[PDB]
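Lettering of chains follows the sequences in order, A, B, ..., and the numbering in each one begins at 1.
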Amino acid sequence: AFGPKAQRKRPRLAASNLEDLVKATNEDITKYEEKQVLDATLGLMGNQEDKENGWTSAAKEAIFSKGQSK
Amino acid sequence: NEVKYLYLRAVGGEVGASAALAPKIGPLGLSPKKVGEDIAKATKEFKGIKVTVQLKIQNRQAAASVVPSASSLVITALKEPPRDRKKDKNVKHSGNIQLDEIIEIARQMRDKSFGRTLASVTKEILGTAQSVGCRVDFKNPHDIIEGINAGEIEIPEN
Amino acid sequence: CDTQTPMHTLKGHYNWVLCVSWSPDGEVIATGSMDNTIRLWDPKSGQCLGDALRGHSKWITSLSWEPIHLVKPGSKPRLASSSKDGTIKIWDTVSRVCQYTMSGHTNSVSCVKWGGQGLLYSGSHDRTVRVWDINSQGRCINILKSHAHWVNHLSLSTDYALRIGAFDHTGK
Amino acid sequence: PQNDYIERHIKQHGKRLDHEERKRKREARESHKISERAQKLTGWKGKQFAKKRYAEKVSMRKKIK
Amino acid sequence: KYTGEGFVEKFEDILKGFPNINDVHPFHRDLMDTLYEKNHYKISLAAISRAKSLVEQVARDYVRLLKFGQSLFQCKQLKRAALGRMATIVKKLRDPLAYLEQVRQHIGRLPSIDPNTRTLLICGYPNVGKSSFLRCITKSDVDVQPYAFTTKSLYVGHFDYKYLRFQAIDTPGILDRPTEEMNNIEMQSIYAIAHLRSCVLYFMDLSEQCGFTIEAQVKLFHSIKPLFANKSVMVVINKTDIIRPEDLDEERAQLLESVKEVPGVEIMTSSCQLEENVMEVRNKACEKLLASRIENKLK
Amino acid sequence: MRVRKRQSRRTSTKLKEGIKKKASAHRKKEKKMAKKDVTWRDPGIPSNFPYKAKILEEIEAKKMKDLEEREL
Amino acid sequence: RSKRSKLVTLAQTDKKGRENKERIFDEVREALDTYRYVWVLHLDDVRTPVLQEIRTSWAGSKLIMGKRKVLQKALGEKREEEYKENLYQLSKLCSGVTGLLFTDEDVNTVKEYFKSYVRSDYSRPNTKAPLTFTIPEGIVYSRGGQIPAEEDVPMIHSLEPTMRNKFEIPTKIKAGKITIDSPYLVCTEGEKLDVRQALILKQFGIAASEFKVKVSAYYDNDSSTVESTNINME
RNA sequence: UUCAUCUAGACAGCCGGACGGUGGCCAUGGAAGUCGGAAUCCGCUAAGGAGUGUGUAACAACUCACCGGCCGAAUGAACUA
RNA sequence: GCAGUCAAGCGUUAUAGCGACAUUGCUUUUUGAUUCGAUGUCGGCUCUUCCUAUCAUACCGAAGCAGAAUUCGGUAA
Ligand SMILES: Nc1nc2c(ncn2[C@@H]2O[C@H](COP(=O)(O)OP(=O)(O)O)[C@@H](O)[C@H]2O)c(=O)[nH]1
Ligand SMILES: [Mg+2]
Ligand SMILES: [Mg+2]
């Protein structure tokens, strides 16, 4: 599959034609843009921006884990 | 003027087979289109079979010719159908070639052969046929060689 | 099968007899072996017809017969053979020679079936099915590529009729 | 840098001027080094060295056969 | 417990470091699929994950058993059994680990391409002057040679035009073949052209010293025409120091007009020995890209 | 240049006597395995001995003499 | 212990034993009876295409090579051990790389062929220089100035360590090309050549020296005499 | 201790040869002994693999398998203590 | 671990019996998904020293080791 002794030189499942290739890639890009917008609604507004200013949420208190001992 | 000689491998009958000769053409100031056209015009006899092509340059000209080779002659005498690389791949050369055709190839190859006998040239051509994987007289080429060496097969020209 | 007793023993081959096939006119038995040979037999006398057909470098995997309805009258059907070397060889049994060796496949050919519209369908371990035309000097017409692994078998709709030839459930 | 930049660098600039000689002398010193390791390594490292030497010799004999 | 934790920490360092092929930008997904065979990629990483789970299970089971050991001999046998089972699990990972080590070494050296910045894509037949033009306009060190496919991977260069950073992409050459017989080397260029919104510069050689005829180059352009839709397109006729479009033959001139006829492409000439002309063609391509991007963002 | 601890080679009485018992047990076990086990049960003249030819000639003449000694 | 450990190679060819020496011995002693004239030829530093061309041009005759001591033992080293009368003189006339030509043609024809046969060859060490060669200043090319650099292709970079160490030529790699700061004179004409200079000339492909067979003498079967030929012995 | 090589030349070294059909067939953008898959033959030999590795984008060049020239008397391999 | 396969040796004139190195099956399957009975002694504080089986610091070696950073290894308490 890969490396010094690899024998794969062609894709396993080639696109039928360039029109199919460009249409599938455009749909993939649109799905990626929508997915990244959806995760930017929450995660970038939250966790990611905390590292930029160096803010960290405080430690979880050990009392909330009662009822879970061996 | 001095004469310059080049040797290359090209598929016969196909134009645009001189793309590998662009580094050669560069310093020589030649025309790639005309070089390829001359190669195709020379290799019209050999259809879909790789052949050794000689290019001669004197003054400002371009001559193309086909150098005889053992494997190419065996594949041509096999009389296989023409093939296009979009259609046929992994092709096997497993036809039948008669001994008279093998001897004719040996005649075409005797001029630049180091064998002292047409039998020796015939055995070399039979080894090449064994390499290409085709059958001779509906028999294995090495077995034909063994019969020749025993003497049950006689080479006519002595 | 009438008395449930042996009638003939056929001992021409040198290795395992991998495949047997009966002619669709019911005249000759073809056996393809592990020693890359195909041998034809007269069943009435239990005899070997001449010498073995040779040309395969690997063991015979499947045999097929030319359909009777395609075979012109006064002539015998041809025999198609496949092997691990990836080739399909066509044999004329009347003159006992090999006419074509189709060679497109890259791995072991699993099976070959001779259809009723002058075509041969070949399945190999290279995940492909090849459609060849016998009328066009044994050239590959089509390559069907939809399997993600070895093709093990194939079957045609008309396979029962092609194997039976002109005979029936009454066997006239 | 991008792609096979060390290979391109060797192609465009070569190696250090003592590369071949230094590598050759290291390979020549290997026999002495292997003997010194076999006699000087101690404990777990020595036991592992002897084990690996036996496996390599078996592998070489199988390849010759 | 300590041996189990060591194996788990190695496996976790493997799993966290490697990219998530289905979550990256689709350009990178396609490029890594071409380079490393996505199926094998995900199967190897999943094999690592399965080994991690099995090692955790073995450690937990044998600690629980060791709670009931009655002597040194039995306890030692249980510990040896646990470590031997861990070793068996790890030995079953031999092939995926070697594959992943090759993948890590190759993927660490890939050029960093931003799919959402300003890009000049350079494409065409082999030996038409793509790498030479990239060398002329950037400081990238792509090798320039008179043989086909000197460039076997995407190369990136950078420049500044009107206080903005632009990136340029040199691609391996494209042969005029269907996608079914197209190989991975050409798939790199095809995916680059399909994904990167850019100014695509199609290079043409009229001296045919690339080994291809003018008719073949026009055929390649009209064949890859579906690829650059909603992307700015320019045709650069390189090697004008040998032959110029002015002194072509009549049919070849009609072919050049045929290339021009497709909207809204524009034809410009260049020589890699003409610094003024290479800078002018770069500036025109950048102007087209900036006008397109600004007209896009203004809406 | 920090020198480590060296193992004492002074004899220990307890270890010496324990090794005595160990060796007796080992010998008894080996003898038992020898009486139990089922495993199936003349280099000639050295190549460097100078009078090899004389030794061989004498052994052949002895064989010829012994061939007729028993018969008559 | 402490001995040199021999290198082990896994190749497809084994060595020849005493049986091959015996086979060549038998062939010599049979050809002595079969043919009439036995010629002693000196063929040092001969190339195999040239030797095979010689064998082809003398079709119907025999050319036998092999170990010189084997050939001399087959012809007979001394007078009481010679295969034919007064053959020991021909046997002791052998020297160096020796070939034996068993033939039936005329003395004049054999002399004329071996006087007229000459081919271009690489210049050997301890031979006179056939020309004066200099690597030109700048980028070093494959032919090194014999053909114009525009036709010539630059020397591949992998030969730079060989040129620097083995040939002792001051070279530097600039942009993957071998370059010399100044022109480098390799040999002056009419100067005895050593191994290094011969290797440099062979590397650049200069073949200005001439090759020619030396003919020592021949022996006649029925005349049983040896005649010194003294061909190309200057 | 047992095998082998050896003044019709031991081992080590240096030098020279190391060829021809032939760039053998399939495959590759390219692949010429040396990314791969199957055959691995024939000739000329003193000998020379459809090639032991370095190397090239492919060639080249080098190498070693094998053979010869110089040198001149012992040498090598596997086992045991 | 159990069951097997190979075969350098051991063994022997009866291809029996041992048997290193390698290797396969189960455990454990493919797309990186998603707490289960220690039956009997434990821990702090103050303070000292020792081992090296080295975490950091010193010096080295190897790695697609560009740089930066890291990994594996050697000497070293
Ligand atoms: N005369 C001329 N030759 C050029 C020019 N650009 C490139 N070349 C030559 O074309 C050959 C291939 O150029 P290259 O940059 O590798 O083109 P690429 O294969 O498309 O990347 C090189 O040998 C150059 O010498 C040019 O502008 N004029
Ligand atoms: Mg390029
Ligand atoms: Mg330590």
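Checked by distance alone, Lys123(B) brings no side-chain donor or acceptor within 3.5 Å of a matching partner on the base of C41(H). For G20(H), its base sits under 3.5 Å from the side chain of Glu124(B) at one donor and acceptor pair at least. Taking only distance into account, the side chain of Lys5(F) never meets the base of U52(I) through a donor-acceptor pair shorter than 3.5 Å. Judged by distance alone, with hydrogens and angles left aside, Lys69(G) brings no side-chain donor or acceptor close enough to the base of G9(H) to form a pair under 3.5 Å. A donor N or O paired with an acceptor N or O is found under 3.5 Å between the base of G30(H) and the side-chain atoms of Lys9(A). At a cut-off of 3.5 angstrom, counting only N and O atoms as typed in the model, there is a donor on one side and an acceptor on the other between the side-chain of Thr128(B) and the base of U22(H).
Between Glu186(E) atom CD and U28(H) atom P the separation is 12 Å, expressed in whole Å. Look at CD on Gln105(E): it is 5 Å from P on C65(I), rounded to the nearest Å. Atom pair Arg68(G):CZ and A46(H):P shows a separation of 17 Å (rounding to whole Å applied).
Stacking holds between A12(H) and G13(H) under the rule that six-membered ring centres lie under 5.5 Å apart and planes differ by under 30°.
If you check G48(H), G68(H), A66(I) against the side chain of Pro1(D), the one that comes closest is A66(I). Closest to the side chain of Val97(G), from the set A14(I), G68(H), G43(H), is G68(H).
In terms of position along RNA chain H, the nucleotide closest to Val121(B) lies nearer the 5' end than the nucleotide closest to the other residue of the pair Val121(B) and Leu159(G).
For the pair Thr98(G) (side chain) and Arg68(G) (backbone), a donor-acceptor distance under 3.5 Å is absent.
Side-chain contact, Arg60(E) with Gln57(E): a donor N or O sits under 3.5 Å from an acceptor N or O.
Closest non-hydrogen pair, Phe114(B) versus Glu53(G), comes out as CE2-N, 3.9 Å.
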*asked:* Counting Watson-Crick and G-U wobble pairs with both distances under 3.5 Å, what is the dot-bracket string for RNA chain H, 5' to 3', using [ ] for crossing pairs and | for pairs to another strand?
replied: (((((.......(((((.(((...((.........))...))).....(...((......)).).)))))...)))))...

